[PDB]
Structures are given as C-alpha cells and as structure tokens.
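Engineer: Generate coordinates for the sequence data below:
(4 chains)
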Amino acid sequence: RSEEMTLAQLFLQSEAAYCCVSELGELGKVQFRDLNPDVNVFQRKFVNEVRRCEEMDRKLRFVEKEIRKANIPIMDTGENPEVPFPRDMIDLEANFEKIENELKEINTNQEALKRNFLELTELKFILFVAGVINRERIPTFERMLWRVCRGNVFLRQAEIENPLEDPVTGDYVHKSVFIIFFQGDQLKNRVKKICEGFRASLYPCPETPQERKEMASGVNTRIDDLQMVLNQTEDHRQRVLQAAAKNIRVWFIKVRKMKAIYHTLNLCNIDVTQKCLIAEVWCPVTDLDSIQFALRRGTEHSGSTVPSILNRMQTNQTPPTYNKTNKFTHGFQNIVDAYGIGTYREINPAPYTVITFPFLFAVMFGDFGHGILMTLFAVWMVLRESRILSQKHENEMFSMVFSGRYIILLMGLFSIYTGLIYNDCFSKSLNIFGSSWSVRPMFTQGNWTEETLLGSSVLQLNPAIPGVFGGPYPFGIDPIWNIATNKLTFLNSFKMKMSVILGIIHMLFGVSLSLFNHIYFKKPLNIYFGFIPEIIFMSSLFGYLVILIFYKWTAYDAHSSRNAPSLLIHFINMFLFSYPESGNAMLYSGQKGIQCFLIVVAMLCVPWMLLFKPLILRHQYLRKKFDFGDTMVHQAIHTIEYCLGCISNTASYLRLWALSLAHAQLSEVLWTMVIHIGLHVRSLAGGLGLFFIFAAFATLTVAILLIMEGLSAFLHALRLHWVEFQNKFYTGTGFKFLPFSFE
Amino acid sequence: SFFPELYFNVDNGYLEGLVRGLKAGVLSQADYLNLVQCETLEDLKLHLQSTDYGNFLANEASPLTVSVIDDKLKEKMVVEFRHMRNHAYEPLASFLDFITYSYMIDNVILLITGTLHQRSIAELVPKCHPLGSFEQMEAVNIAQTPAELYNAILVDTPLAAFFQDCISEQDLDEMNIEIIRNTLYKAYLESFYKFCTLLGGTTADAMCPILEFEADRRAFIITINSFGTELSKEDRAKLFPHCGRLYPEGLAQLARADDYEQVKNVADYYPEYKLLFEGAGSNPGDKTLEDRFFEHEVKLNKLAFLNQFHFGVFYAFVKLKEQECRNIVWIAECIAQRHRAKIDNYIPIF
Amino acid sequence: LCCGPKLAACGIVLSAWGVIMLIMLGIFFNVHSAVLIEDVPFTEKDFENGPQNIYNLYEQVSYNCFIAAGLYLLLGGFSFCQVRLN
Amino acid sequence: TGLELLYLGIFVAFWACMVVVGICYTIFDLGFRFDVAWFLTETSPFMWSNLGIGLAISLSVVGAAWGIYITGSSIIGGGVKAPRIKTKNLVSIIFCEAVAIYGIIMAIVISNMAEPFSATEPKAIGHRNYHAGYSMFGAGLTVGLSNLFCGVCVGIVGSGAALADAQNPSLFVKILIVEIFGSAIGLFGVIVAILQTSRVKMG
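Structural biologist: Numbering: from 1, shown residues only, chains lettered A, B, ... in the order given. The protein structure is shown below:
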C-alpha cells in the first residue's frame, strides 16, 4: 500500500508546544484532525488569539488595499521568516495600529479634496437658476419639468468633457451644467425640490454685470485650487509612509503563519488537566524520522526539557491517500485524480495509463507530419524548462499546456509511429520499398488491352489474382491504396475491425486488473461470484467476434469472392437466435453447436450475478445471530448496469474508427484544395505563388488539426479511460491528503 | 410536449440552478439552535462567519450594534437580487419587475406620509428600501395634491399604470393616504394575478394560490382594522380585492360586519382561515394573529419552491430571504438587550 | 526594433518549415520522377504518344520547388536579422 | 402567438381542402381516378430506402442534442456553489451520446442491401424491391422517432437529477435509476428496426 500505519500519536502538551507545532508545519508532512464534539467556534480555548489575529488581518487588508490603490508594486522575494512567539509580537502589532491610524487621518484630509470639487464645479458656471446635474439622468430630469413647469419656463444645457472625481469613493462620473429661466417663485421652489432630487446644490447668484462676477469667480477658484495643490503635501506624506510596504509584507506572511498555527492548535483536546492538550495527526511511515527530529527541535526551542512524545496507537478510520509523484509521473497522475480519488490501496492506474493514453490518441491522430510537429514542440518545451519555470507568464493556457510535458512528448512519439504504420504522411503514402498490385504488362495476359482508349471515360477495375497479384506489404498499407478511388471501402473495413479489437482487449484488461484489486483485499466472495461470471460473459460474447474476424482474415482467398460470408449478419443471428435455411453460408463447419453453446452460456451468465451473492450475504447474517430488499435492489442495479454497459461500451468504442476516418478525410481535404492549386504550368510564377499558398497551408494546419483535433482525441481518450476502462476496477472514492505545509 | 418540459431551460436553466443553489445558503434550524446561544454581538458575527452568511462584515465596526447588521444584511439582499435580475431575459424580467413594484409602492407610501411630517426631508432617504428604489423615488415630496402625485408618477415610473384612473381627488390629507395605499395594492394584485394566469402552465399553478391568499389576508386585515374611521361601509366594500376565494364574501358578509365575531363567522366557512383564527388566541401569553399570518405565508412559500419548472420561484426565494433577515436582526436585538423573554419565538424556516 | 521578436520567432520557425518541406517535396518529385501516387498535379491534356513529355513536364513542375525554398530561406534570414535588432 | 396562428391556418386550410375535394369526388362517381395503386407503384423503392436511412440518423441526432442541452444547462448552472457536481453527473451526457451511437450503427446496418436494378415499369420490378423499399423506410422511421423520444426523456431526468444532487451528496446514486430506465425504449426501437428488415434480399 501507500502506507503501512498512519495513526501513531507522538504529541504531548508542553509550555512551548507552539514552537513544536510550528516546526512540524514547517516540515509539511502531516495533517491534523480532532474535535469530534464539533463545539461551536466561539467556545474555544484559544478564541482570543484568533480574534486578535483576525483584527491584524483586517488592518493589514486595509493597508494593502490602500497600497494597491496607490499603484505601488510590492516585492516579495525575501526569505520565509520564523514567527516570534514571545510577547515581542505584541509590540509589533502596536506599531501596525499606528500605521492604520495615519491612513485614517489621510482620509480626513480627503475632506479637503471634496472642498476642491465644490469649487471646480463652480468654475463650470463661468457663463432664474443655474446648477449641475448627473449626465445619465438628463433625459428623465427634463421629463419632470415638462410635467410640472408645464412649459411656462425655459432651460438650456452645457456639457463638460473631463470626468469629475468622486470625493468619497474615488470613481469617475460625468456631469452637465444647466440654466433655467423661470417666471415665478412657486416654480422656483418646485424645481428646487426636483433639483434636490437631482443634486443641483451650487448656486452662483447673479449680482453684478457679467465681467465683474466672472473675474471674481475666477480669482476665487484660482486661490482655492492653488491652496489644494499646496495641501497636496499630505498626499506626498501618504506616499512616503506607503513606501514602507516591504517592511510589512514580511509581517503579512508571518501573521498568516501564526494565525494558521493557532487555528490548528485550537483542534487539540478540550481539557488541560495534567496537560492533556493532544491532537491526532495523519502522517506517513517513510517520514517519521523527520517528525521526531522536528519534535526534538521544538523541545530545543523550549526551556522545559521534556520528551514531548507519546506511544503509537491504531484505530479503524479511513486514512487519506497521497500519490508520491516525481518529475515524470506527476503530469499523468494529476490527469487521473481530476475525476476521482482512489481508495486506501486502490490499484494505481497511472503506471499503465502513462503509455496506453498516447497510444489510443495516436490511433485517433495517426499522421506523420503532425506528430513530428508535436514532438518538436515537446523538445522545445522540455529543453527550456529551467528558464520558463523561473519566469512570470500572463498566459494561463500556456501554464496548463506546460503542465503536460511528457504527455505531449509521448503523444507526439506515438503519433509519429502511427503515421508510419498507416503509411500516412501528410495524407500521402511514402512508397519506400516497392508496390505489388498493378502490373499492366502482366495484365495484358488477361484480355486487358485497348480498353484505355475508352479509359478516358471509364474506371476499369483491377481484379485480384490473375496469377501474380496480391501479396503482403511488409510494413503498413500498400501505397497504391492511397490513389485508389474506392480506398474508402477497404479503409473503413480495416479501421472498424482494428477499433473493435482494440476496445475488447482494453475491457478484458480492465476486469483482469480488477481481479488483483479484490484478491489483495481478502474478499473471497467477490472473486468467486464477481470477477468470474463477468469475465466469462465478456469472453463468450466478444472474444468470439475477435477470433472470427481473425479467422476470416486468415481464411478466405480472392477466388472465393462469390458468397463471401458476412460476420455482422451472423452476429445479428447470434443475438436473435434465427437460423434461415439459406441466404448465408456457414463461415466454418460445425458452427451450430458452438454457437448454440455460446448463446446458452451468455444466458447463464446473468442469473449468477443476481440471486446467489445476496442470498449468501443473508445466510452469513443469519449465521451471525441488513435490509434484504435493498441488497436485492443494489444487486439488480449492478447486474443490469454491467450487462447493458457491455453493449453500450463495445458500441461506443467505434469513436476510434470514426475520428481516425474523419482525420484522414480532413487531411486529404486539405491536400486537395489548398496546395493542389499551388502547382501549375507557369514557368516563373510557380515558387512565388506557392510560397504564399504554403504559408497559408501551415497556418491552417496549425490552427485546426494540430492543436484542436489533438484536443478532441485527447479528451475522448481521457473519457474512454474514465468510464469504459476505469469503472471496472476503480472505486473512485476516498480522501485526498491535505498537508500542513504553508504557502 | 407542453411549455415547461421541453424549452424551459434555454432561457432559465442557469438562473434556476443559481437560485436553488442559494436556497441552501438560507440558515437552518440547527443554525438557529446554536445562534440563540450567543453572549454578545461579536459571537453572532463569528457564528455567521462559520456559515454561508460569512465574510460580509470585514469593516472596522468596533462599536458593533444591530443596526449595522440590519444594514449589511439588506445590502446583501439587494446585491443578490440585482445580480439575479440583470442576467435575466424578458418574460422573467417582467416577472421580477412585477415583484419589485410592491416595494416601490411601499416607498411611495412612505414618502407620501413623510410629506405630512414636513420636519423630515432628507432623513427619509436612508429609511427607504434600495430594492424598491427607482429613478423618480425621491420626487414624491414635490406633490401636495393627489393629482400632483399622479403627475409626478405618470412620468417614467410604471406605477402609474395602477392608479392613472383609480385616484380622483384634489385635497391630500393624512387620512386618504390609506385609501391611496389600498387602491394601489388592489390594482397591483389584480394586474399580477391576470399576468400570471396569462402566462399559463406551471407558473399559473404556482402563483395563483399565493396571490389568492394574499388578497384574502388583505381583506381580513382591512375588515378588522377599519373600526373607528370616517369611512362608510360602502367605502370599505370598495377596497376589497376580487382575486381571492372571498369574492362573494367581499360584499355579502364582510361588507356588513359590525364586530369581530362577525369576521370570525365569515372565516368559519373556510377551513384554511378558520384553523388560522382558532390557533390565533390573541392572548397576552399567546402569539397574535399577525404571527399566524406570517407563519402561513412562510409555509406556502416553502411549498412553492418544489417545482422543477417554476418560472417564479424568485417570489418564494425573496420572501423567505426577507424573513431570514427579520429573524436574524430580531434575535440579535434580543441578545443585545441582555434578556431572554422572546428568544424562543422565532418562526422555524427550513 | 522593426518587426519585433514577439512575432519574429514564429516567422523564423515558419520559414524553416517552409524551406525544409519545399526542398523535400521537390526532391521527392525529381528523384522518384513524379510517381502518380506522390504527384497527381500537372498540366497536360495530351500525352498519348509517350512518357517523355510527362517526365519533362513533371521536371518543369518540380523546378519551382527550389525557387520557393530560396524565397523561404531569404524570409528566414530577414526575420533573423530583425531579431538581432535589440 | 403569430406563428401558432399561421400553423393553425395552414393546417385548417389543408384539411378543409382535403374534405371538400374528397366529398365532391366521391359524389361525382369519379372513384376510377383515385387509383392508389398507381400512387404506391410509381414511387421507386430507393426513395423509401434513402428517406429511411436519412431519418434513422437525423432524428437520433436531434434527440441527442435536445437531451444534451436540457441536462448541460442545469449541470453547468448548479455547480457554481458546488463544484463537486461537475464530474459526478456526467452519466446523463454519456447516455445522450450513446443514443446517437446506436443511431449511427443502425444507419450502417440498414445502409447495406442497395444493389441497383434495371427495370423501369411496375410489372418488371416485382414485389421484392417494393417490399425492400417499404421495409427500409419503416425501419428508419421507427428507429429515428424512438431514439428521439428516448433522448428527450433521458435529458429531462438527467437535468432533474443533476439539479437535485447539489443539495445532498447521497441523492444522485439512487436517482440515477430512472436515468438508466430511460434508455430501454431506445434499445427497443433499435431491436424493432433490426427485426423489420431481417428478410430483405434486394438485388
């Protein structure tokens, strides 16, 4: 298993247990759990320190908010400090309060800022009332006057461009100036109420001719805003004091650390008599030496000179699971853990997944050039790892791309391979060491001459075996198929058969792997009435199809093209138990008895998984002296789920054929009408136009097939791993480790 | 092959998922059981930190008082409601505007009574609910005759759609404001019922009983509280709603009542209000009738949530959320005064 | 400076790809003498006399590949020069 | 609603025209011009075959899309306050696609048996080709409609289960029973579409 024992208790209360738990947290190899009573959060032995810490965090949050509004960057590259537990910390927080207090008075000086605007708005009336209204409410405002003034008054408007700041919050808002000519005082009061609803506070009452009041107002605003820029020395002082952000970000780290320490020490027992302040810990086995070394360090920092240790104990709880990853397995373990967390000692699926995932991808993405591009990107990203890791990047997509380094590498390698095996290389085969199909000089023997005069309008099928034809290409698909107009038929047959065969072995792998999972856990019932019926059912139902496909491949020659038996109809008759006297010859002699026995064993599989094991559970419960109906319901659910998932999964494995054929068609389509036009008769303009055309080809094949169809195949293979493969051996339940390590 | 089964999600699935997610954020009974055990407002703050009502009081509220908690909870409510409304489509937008017209009416009535108390002008603003706020909320102070009120409200607030014709007077006083309230309320309720039954489907099924009960409760309250007034019996008949099951009762028995026993006899023929009145002993040692009204409203609202294609679960959600706010602030007020007379009189929602 | 490195790196890899692929396609045309499997495109509506016209025309077609390769290589050199402008 | 009124108008006009035309023709002793034999013998079997082939995938894809959206919208919306439901509730989507997988397999199976002939008159074509075309059309229609209604029901119950699971973890594992019982009707549709065309020998 991952661990042998994980519930040892080696912690005892001391007068400086804070330092012990702090150093243990520094170790970052433990998790804490206690407080079964689940007492309220405000009945705690250490509530006052948590409240103090919360106050420090609130003050700190306020100052960092103010700093970030100053747009002053903070640098955090120093060391990780050690928390000063003795009362010195108290003095420190005292200083911090002073800092906050300064900020308070600075906001009091922002009262002055409001006064400034009470004059800048005044400047906008440089030109029987006048005032200032929010622009966004200009229409509705006008509406009101038309209904209350009843059109007996008149008004005019003026606009400002630069936004005016908000004194309280600091947000920018837009405004406008208005001037109303009235005919009575009752209307002045009515529009005074409306303007109280619209905030037209200011009022430059006319006294003198235009020039005199204009210049008086100008001199007034000039003195006012001059005094404001003179009072901006307070903003200067604010910046000078804010410059000390570096001296307090370290304190932020320290404050979070001590807060975590006190929060975790709160979990200890609810008693202190005889120094019974104890907290239970999950810790692995390979790291006990560092843990007791940490305890020795904690006692060293303490002046009490006590062992501060306790004896081992064991209970029957559920331990958490931790996958100990290294530079290589991490990228693939994180991919599987994203869907479900393994139980205590679940058969780890990363060791097999790490390879069978890019293989299925390459079956889905079997092209040479694209694979080469992917492996080149992998080489680039692997070789430059050190610099990129020590670098800040705004592209989160690139971060999650960079996570799957060896994923993309192995994916590209197997993609190159499967490009070689199909003899697919940018949708065209590579005739390497010979073709064996078309030999026209030999074809003239079989009454094949002069037809090509009508060849200008016919197709003239090639037969199999006029005497020297056929023959196996030693490696991959014969290149001639790439140019044949009926290539789709043979390609469809071959790809469908390969996909179905691949899918059946994947599933049997799943169930054989499950047999390991059950035998370790000492569950004889599960092996005896579990694995066996399901494996027999899977085999009898589809290993027969695999073997039949291979028999048909290795049995029937070219001359038997008449009445060549069809396997799919035989499978429909396998399901429907129908035997017509004619219409389909037997593939091999004696099929009746074997096929009938296959049907009968397939039928006999299902009841074995329904009645026997709930009844044996009932018998064990009777021997003990368990809702029987609920157990029957669960067993029926399990059996029906498995039996229907059989057909559903074998049918869903056709995605391999589907996407492989779609990929081949897409690549051929790109070849057909992007670069085909690039080759022509022009003696001089060939390379010039082809340069543009191939540039476009490169961009388009990068955009669509390189990153995208790769993603679709990637996620489809992930799904095939999550459901069709994993659910047959993978419980997918339990906890995940939550270490005590800090940031 | 009907409305709610096959194209309900295209415009409502995300929002309904969000609402039913936020339903679980409403505090439960055990939360109350442990929240009534606080010693001071700081403990209430902390126990709210431990649940979904946490991380909304990170201000420098050293002199914490229950008014601050009330303000912050109301702010949270309006924030969530504005969120839910802005992401909505058009029929649902009509639904939510129909909901908020009630609080808009409340604010209009509040400012109308404020005009009579001329001594307060600006202080009315913090008293008004920001949920029911609109562009021309504070303009109501201008009017001094109801025709002027219709002139102010006709402009851009659709509230005029409920009293453009229904108010005819030119002498605003402190006694007719209740007439304005009742007329607006009955018009709003009738319009809402008609719109809900026009929408059809499960929305009509969900919203018809609630508005029915609402109209009947308004009828009962107005019948009980009309005693000792200048209004005549025919005018009391004029203000009854016609959306309840008390439509013949509205002129047949309630309109000729003379005492409380008569109202009890009216209620006696319908079990739903008869049990409600019998349980409402109205004694000093027992809960009043208003408490039973609130509890029945809460029960029906809780029932209203269970409907997969409820185009109007937002009504139940907002009513329940207001009720949680009231429960929390009342318990905090009781705790702040250092007395335990009425801590165990909280209506147990969820 | 001109033609900043941010796109010049992409341009350089594109130019290298262009040079390599065009050179290889031209060599495949010439060495195999344009086998119809690897070389469908051509321009001739009359070839019934003999194959020599077909071979000559396919050599003519394959010639343009090296001009394309030269243009791609010059593009790569230009992009590399723009990268050095720091 | 204007669109519903338009549909009702077209439908009512169509049926009124049918009724009036039928009555006047029957009263007019003109039953010799209603020779349904010519109507169902001029039509080529290949038209019936190819219509069935198209529908047998089209309607299945329509149902799959319906269920996909109906469950996905609720799954995505309800996980905001509970991200735990993203991966637990992926069974419904899987079944919504398994419907289309069955549809494609059936399309492949029925797509066989398409060997042309040379006859151009009803007396020369024979009974066998007529039977083939009709049977293939019927199989395509039934499989398509069965999988359509199947996918719709699956999507609705998947949405319900996904939305309810966010309240309590111990709900979904038992609410998936209706989800699994959804697919049986589509399976039955596939079986009947198989059986209807098990004796066609077109060619």
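Engineer: going forward, measure contacts between C-alpha atoms and count neighbours the same way
Structural biologist: Fine.
Engineer: what sits against residue B:124?
Structural biologist: B:111, B:114 (CA atoms under 8 Å, 6 or more residues apart in numbering or on different chains).
Engineer: how close does it sit to residue B:146?
Structural biologist: 20 Å (CA to CA, to the nearest Å).
Engineer: and what of residue A:258?
Structural biologist: Residue A:258 is 65 Å from residue B:146, by CA to CA.
Engineer: give the contact list for the residue positioned nearest the centre of chain C.
Structural biologist: Taking CA atoms, centre = their mean, the centroid of chain C lies closest to residue C:22, which sits 2.8 Å from it. Residues counted as contacts of residue C:22 (CA under 8 Å, 6+ apart) are C:65, C:66, C:68, C:69.
Engineer: Just the ones of the residues you listed in helices?
Structural biologist: Judged by DSSP state H, helices contain the following of the contacts of residue C:22: C:65, C:66, C:68, C:69.
Engineer: Out of these, which is nearest to chain D?
Structural biologist: residue C:65 (43.7 Å; CA to the nearest CA).
Engineer: excluding its backbone neighbours, what's nearest residue A:501?
Structural biologist: residue A:546 (6.1 Å; CA to CA, 6 or more residues apart in numbering or on different chains).
Engineer: and that neighbour, what element?
Structural biologist: helix A:544-555 (DSSP states H and E).
Engineer: residues in contact with that helix?
Structural biologist: A:497, A:501, A:567, A:587.
Engineer: one more time with 10 Å
Structural biologist: Helix A:544-555 is contacted from outside by A:497-498, A:500-502, A:504-505, A:538-539, A:542-543, A:564-568, A:570-571, A:587-588, A:595, A:598, using CA atoms under 10 Å, 6 or more residues apart in numbering or on different chains.
Engineer: Quick one, which of those residues are buried?
Structural biologist: The neighbour-count test (16 or more other CA atoms under 10 Å in any protein chain shown) marks A:497-498, A:500-502, A:504, A:538-539, A:542-543, A:564-565, A:570, A:587, A:595, A:598 as buried among the contacts of helix A:544-555.
Engineer: any idea which element residue 55 lies in?
Structural biologist: Picking chain A for this. Applying DSSP H and E, one finds residue A:55 within helix A:47-69.
Engineer: could you do chain D instead?
Structural biologist: Counting by DSSP H and E, residue D:55 is found in helix D:45-78.
Engineer: circling back: the contacts of residue C:22 also near chain A: which ones?
Structural biologist: Filtering the contacts of residue C:22 for proximity to chain A by CA under 10 Å from any CA of the partner chain leaves C:65, C:66, C:68, C:69.
Engineer: Buried residues, stretch D:111-127. List them.
Structural biologist: Quick answer for stretch D:111-127 (16+ other CA under 10 Å): residue D:125.
Engineer: what distance separates the start and the end of it?
Structural biologist: Its first and final residues considered, stretch D:111-127 spans 20 Å by CA to CA.
Engineer: and residue A:39, what does it touch?
Structural biologist: Counting by CA under 10 Å, 6+ apart, residue A:39 touches A:270, B:34.
Engineer: Which strand or helix spans it?
Structural biologist: Using DSSP H and E, residue A:39 sits within no helix or strand.
Engineer: what does residue A:180 give?
Structural biologist: strand A:175-181.
Engineer: In terms of secondary structure, what does that strand contact?
Structural biologist: Secondary structure elements in contact with strand A:175-181, counted by 3 or more CA pairs under 10 Å, 6 or more residues apart in numbering or on different chains; DSSP states H and E, are helix A:88-123, strand A:129-134, helix A:138-148, strand A:154-159, helix A:185-198.
Engineer: Mean neighbour count for the ones you listed - can I get that in a markdown table?
Structural biologist: Shown next, in a markdown table, are these (neighbours: other CA atoms under 10 Å in any protein chain shown):
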| stretch | mean neighbour count |
| --- | --- |
| helix A:88-123 | 14 |
| strand A:129-134 | 19 |
| helix A:138-148 | 15 |
| strand A:154-159 | 13 |
| helix A:185-198 | 17 |
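Engineer: Where do the strands of the chain begin and end?
Structural biologist: Going with chain A. Using DSSP state E, the strands of chain A run over A:31-33, A:129-134, A:154-159, A:164-165, A:172-173, A:175-181, A:280-282.
Engineer: other chain: chain C
Structural biologist: Ranges of strands in chain C, per DSSP E: none exist.
Engineer: in it, what residue is nearest chain A?
Structural biologist: Counting by CA to the nearest CA, chain C gets nearest chain A through residue C:68, at 4.2 Å.
Engineer: and the strand holding residue A:180, how far out from the chain's middle?
Structural biologist: Distance, stretch centre to chain centre, for strand A:175-181: 55 Å (CA atoms, centre = their mean, to the nearest Å).
Engineer: repeat for stretch A:21-31
Structural biologist: Averaging C-alpha positions (CA atoms, centre = their mean) puts stretch A:21-31 29 Å from its chain's average.
Engineer: ok, and what's touching that stretch?
Structural biologist: By CA under 10 Å, 6+ apart, the residues outside stretch A:21-31 that reach it are A:6, A:11, A:17-20, A:82-83, A:85, A:257-258, A:260-262, A:264-265, A:280-284, A:287-288, A:290-298, A:301, A:320, A:737-742.
Engineer: Just the buried ones from those, in ChimeraX syntax?
Structural biologist: Buried subset of the contacts of stretch A:21-31, written as a ChimeraX selection, criterion 16+ other CA under 10 Å:
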select /A:6,11,17,18,19,20,83,257,258,260,261,262,264,265,280,281,282,283,284,291,292,294,295,296,298,320,739,740
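Engineer: Which secondary structure state does the residue lying closest to residue B:340 once chain neighbours are set aside sit in?
Structural biologist: Ranked by CA to CA, 6+ apart and with sequence neighbours excluded, the top spatial neighbour of residue B:340 is residue B:334, at 7.1 Å. Secondary structure, DSSP: H, G, I helix; E, B strand; the rest coil: residue B:334 is helix.
Engineer: Run a quick neighbour tally on residue B:334.
Structural biologist: Counted with other CA atoms under 10 Å in any protein chain shown, residues neighbouring residue B:334 total 17.
Engineer: quick one: contacts for it?
Structural biologist: Shown in contact with residue B:334 (CA under 10 Å, 6+ apart): B:36, B:66, B:328, B:340, B:341, B:342, B:343.
Engineer: any idea whether the closest residue to residue D:63 other than its chain neighbours is helix, strand or coil?
Structural biologist: Using CA to CA, 6+ apart and skipping residues adjacent in sequence, the residue nearest residue D:63 is residue D:148, 4.1 Å away. Using three-state DSSP, the structure places residue D:148 in helix.
Engineer: Skip the chain neighbours and tell me the closest residue to the residue of chain C found nearest chain D.
Structural biologist: Using CA to the nearest CA, the single residue of chain C nearest to chain D is residue C:37, 30.3 Å away. Computed as CA to CA, 6+ apart, the closest residue to residue C:37 that is not its neighbour in sequence is residue A:483, at 5.8 Å.
Engineer: Spell out which parts of chain D neighbour chain B.
Structural biologist: D:66-67, D:69-82, D:152-153, D:155-156, D:159-160, D:162-164, D:166-168.
Engineer: Pull out the buried members of those residues.
Structural biologist: Buried members of these, counted by 16+ other CA under 10 Å: D:66-67, D:69-81, D:152-153, D:155-156, D:159-160, D:162-164, D:166-167.
Engineer: Which of the contacts of helix A:544-555 fall within helices?
Structural biologist: Counting by DSSP H, these place A:497-498, A:500-502, A:504-505, A:538, A:567-568, A:570-571, A:595, A:598 in helices.
Engineer: Report the contact partners of residue B:309.
Structural biologist: The contact partners of residue B:309, by CA under 10 Å, 6+ apart, come to B:3-5, B:7-9, B:12-13, B:16, B:201-203, D:160.
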